[PDB]
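Taking the form deposited in one PDB entry, here's one chain by itself in structure tokens.
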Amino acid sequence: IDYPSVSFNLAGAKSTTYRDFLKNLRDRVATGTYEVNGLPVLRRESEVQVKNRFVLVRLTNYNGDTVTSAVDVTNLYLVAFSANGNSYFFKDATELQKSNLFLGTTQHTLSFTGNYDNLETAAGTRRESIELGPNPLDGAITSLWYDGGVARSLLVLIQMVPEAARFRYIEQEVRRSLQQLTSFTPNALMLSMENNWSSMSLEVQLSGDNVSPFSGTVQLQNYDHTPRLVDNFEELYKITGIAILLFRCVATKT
């Protein structure tokens, strides 16, 4: 299975290079016949071929080293990564991926699984502490290729690549750091907006296309940790800037 791939070389990469790198990783999973106000609804396992299920991402740090990770075309999750003929899979890791994920490399299995609730645990640290940006991305990349791969490092790439294409907000955030060679830490907003991807996913498919109002609400948060319940599409995009929707249901007002 010659799985496709989207590569991003940290080697003197500009911000405009980040915007394109994400657009590629996006279109690689945006291929489908289901839209809503513009944003697409990633396909489901029920209709995803074993030769189109995954997509690789080659992230090369400053030292030239390159690490490739597989992102599920269904939920845009990180299933595994490989560095120096060394692939690593989570505890659960559905046997469906391993069977055709990095086939031809020394397989590995972490003691934890893919999900913030777990990752943050297997690192004695929360995302609100882990920093992101050019350098943090490099060090995180090195920590994987060199130290095999531990939570922390992954927590950086996840919010710096998949979660970066899901929400354009996080993009312009890492776009300012990539260009200004600066770093930062997820704020109450950025964090909350990425903790309700599924919730805000059904509120868009539930209301239906063209329908601005939302049946329910999304408990987002401001920088001051103040509750910001979004109940409409526009108000949602203007803040989060969502660009990808996780299939939670199909339209009804057909």
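Residue numbers here begin at 1 and follow the sequence given.
Beyond what is shown, the protein has a form solved in complex with a small molecule; the following relates to that form.
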item: Contact of residue 194 with the small molecule in the deposited complex (heavy atom, 4.5 Å); value: yes
item: The small molecule contact at residue 148 in the deposited complex, heavy atom, 4.5 Å; value: no
item: In the deposited complex, residue 173 touching the small molecule (heavy atom, 4.5 Å); value: no
item: Heavy atom of residue 215 within 4.5 Å of the small molecule in the deposited complex; value: no
item: Heavy atom contact within 4.5 Å of the small molecule in the deposited complex, the stretch among 197-205, 57-65, 225-233, 27-35; value: 197-205
item: Residue (of 141, 73, 78, 110) lying close to the small molecule in the deposited complex, criterion heavy atoms within 4.5 Å; value: 78
item: Partner-contacting position among 243, 246, 22, 10 - heavy atom within 4.5 Å of the small molecule in the deposited complex; value: 246
